[PDB]
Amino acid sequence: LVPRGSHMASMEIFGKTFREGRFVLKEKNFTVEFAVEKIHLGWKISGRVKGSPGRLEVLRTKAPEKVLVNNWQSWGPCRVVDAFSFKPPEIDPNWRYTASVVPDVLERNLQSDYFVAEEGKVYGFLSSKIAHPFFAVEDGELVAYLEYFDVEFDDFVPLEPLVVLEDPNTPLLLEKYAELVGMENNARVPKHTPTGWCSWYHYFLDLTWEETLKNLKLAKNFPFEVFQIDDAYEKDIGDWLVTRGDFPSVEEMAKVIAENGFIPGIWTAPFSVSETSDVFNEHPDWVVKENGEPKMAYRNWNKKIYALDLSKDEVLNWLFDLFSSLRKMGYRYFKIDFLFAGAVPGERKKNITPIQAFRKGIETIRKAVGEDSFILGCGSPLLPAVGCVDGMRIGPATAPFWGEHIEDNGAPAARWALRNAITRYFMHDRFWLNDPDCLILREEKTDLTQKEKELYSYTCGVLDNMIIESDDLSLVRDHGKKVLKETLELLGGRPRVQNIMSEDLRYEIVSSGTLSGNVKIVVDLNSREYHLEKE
């Protein structure tokens, strides 16, 4: 049944003592109508709100000491922290909005987006369609909020539902939470998971068409379905159909890839336009603003990057035409990246939330590419994308190195990429297909050891995650090939991370019903060791 106790009586829901029922809260500026209803292993708080709810407090309870917190987007940590020893992070002004969509919170208080967990307990919002749902630890209390970013609603709109789940099996609760999210959002969980190649983690921005063609030819000896060109081909951020260097046209690239027998894939950052791009210089009015001027969304590639205003029909028509063109060229796999830009707070043509704008953008992309195109989100708000993407990057960038000296701050490192694949495992086959980022299996031009390559690869396999390789294929020999083969034999199961609240970077992961039967891998991300059991 449902959690009952002294701790449940101590909570407040919209400022009211917690109990089951149906309630109305009329304030100066807003009205909320909500129900507190029993569900399996928990309570669901749902309802509707009108007026100017602003930063709306939904739930308040005493903070646990140890909490699993979650960043709103792909690259940000999902990790256990000590809620009482928390000190605000230094916020990088070039990357504010990767850290938080409400950075005023993160500068003062511990923040968790969408959900937070403790041993035996999960608090989780089922959707982010209009509001941004988050938790803050405020002077020793856990507070759940729905952020409406100053938008007013003349008529009722639905609250994002909040569940409070209790059971000693914390992994089970996170899986249940994720099943509910999936149902709430009509999640896409493809029956088939693509394999493939990605340029980025060998060539980076220095990819050439000449190196691409060499890899296209070698890829015929590898079990790759998709062949994906990453960042490098494009003249500027926003100018997706203008190529640079020795690259032919985007259309020509797709024709060569498909002639060679692969599904063509391509990277874009579709909600981003650089200060130097044609599209921005032609259409300065297409971006999110602040005090009526272009608002920097982030800085990357040594340029100010602006966010497209996805409330504008002109912008949506441009995006539709871009992605429709890509589809007509033969691209059927789309890595759409830096998606957080589309949800930055600021001034938009329409008075809608940044989450409402974001969802209009990704829905447009989905309509343009069609149902038989695979969409892989990256650098993306997680909950708002459920129902639209097929796959989602759920960790920071991996790297051809373990990252001994790299802090847990979203900078590239195999070690922190893999941690997130583990701690967000429960989203897989519920929200979408989890992308744990690319396997790096080459045995030159890398500092990864054989054991580190095995650890990363076999973990991803056990988790049933997407398996994409990113290497100069000339440099992948017997070991690399064997690791890929054995990885693919570990797919197909239902994984569980048995000790999700671990604080020592050691994880016990089982998966039932894989192509190799019931398997278990125990990993130590500090010593870089694993123990794998099969059958």
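When you see a residue number, it is the position in the sequence shown, counting from 1.
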Going by the B-factors listed in the PDB entry, is the mean over the C-alpha atoms higher for 187-195 or for 327-335?
187-195
Comparing 86-94 with 348-356, the one whose average Cα B-factor in the PDB entry is higher:
86-94
Whose CA atom has the top B-factor in the entry, of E293, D230, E363, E160?
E293
Which listed residue, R415, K129, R299, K220, has the largest C-alpha temperature factor in the record?
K220
Lowest, middle or highest third: where is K312 by Cα B-factor in its chain?
middle
In terms of its chain's C-alpha B-factors, the third that includes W402 is the middle
Per the entry's values, where does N70 land by CA temperature factor relative to the rest of its chain, in the lowest, middle or highest third?
lowest
Considering only modelled residues of the same chain, in which third does the CA B-factor of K367 rank: lowest, middle or highest?
middle
Based on the deposited C-alpha B factors for this chain, I'd like to know if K235 is in the lowest, middle or highest third.
highest
